């Protein structure tokens, strides 16, 4: 069954780090020969910036370069996103997408809202 489970809200402090827990799923009969591509988006419906791209890392916006890293193992169906050196501007929406093959790709429209404060 196709899906992405991650928190609706997550809070963090400026200069610290934060973890957005995440897990995904898909049907048992979906073939997976050459792994799964993992992608995280920031403000998808607006600026649409790439935070993580396990398939084409040069697509990662300079804004997040060196500051975001995917924790979980795709093999274990985990998509946890760790964000480092937080900035108030990091506040906004984050959505995960995984792409296996052909039409077997999925963007979670729910996403997680991030709130970074100074103190």
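Numbering follows the first chain given and starts at 1. Each form is matched to the other, and the largest set of C-alpha atoms that superpose within 1.5 Å is called the rigid core.
*Asks:* So if we fit everything on the core, which stretch drifts more in 4 other deposited structures of this protein, 86-94 or 30-38, C-alphas only?
*Replies:* Between the two stretches, 30-38 moves farther in 4 other deposited structures of this protein.
*Asks:* Would you determine, from the values in the PDB entry, which of 20-28 and 103-111 has the greater average C-alpha temperature factor?
*Replies:* Stretch with the greater average CA B-factor: 20-28.
*Asks:* Given the B-factors recorded for C-alpha atoms, which segment has the greater mean, 39-47 or 70-78?
*Replies:* According to the PDB entry, the answer is 70-78.
*Asks:* Which third, lowest, middle or highest, does the C-alpha temperature factor of residue 53 belong to within its own chain?
*Replies:* It falls in the bottom third of the chain.
*Asks:* Rank-wise, by C-alpha B-factor, drop residue 60 into the lowest, middle or highest third of its chain.
*Replies:* Middle third by C-alpha B-factor.
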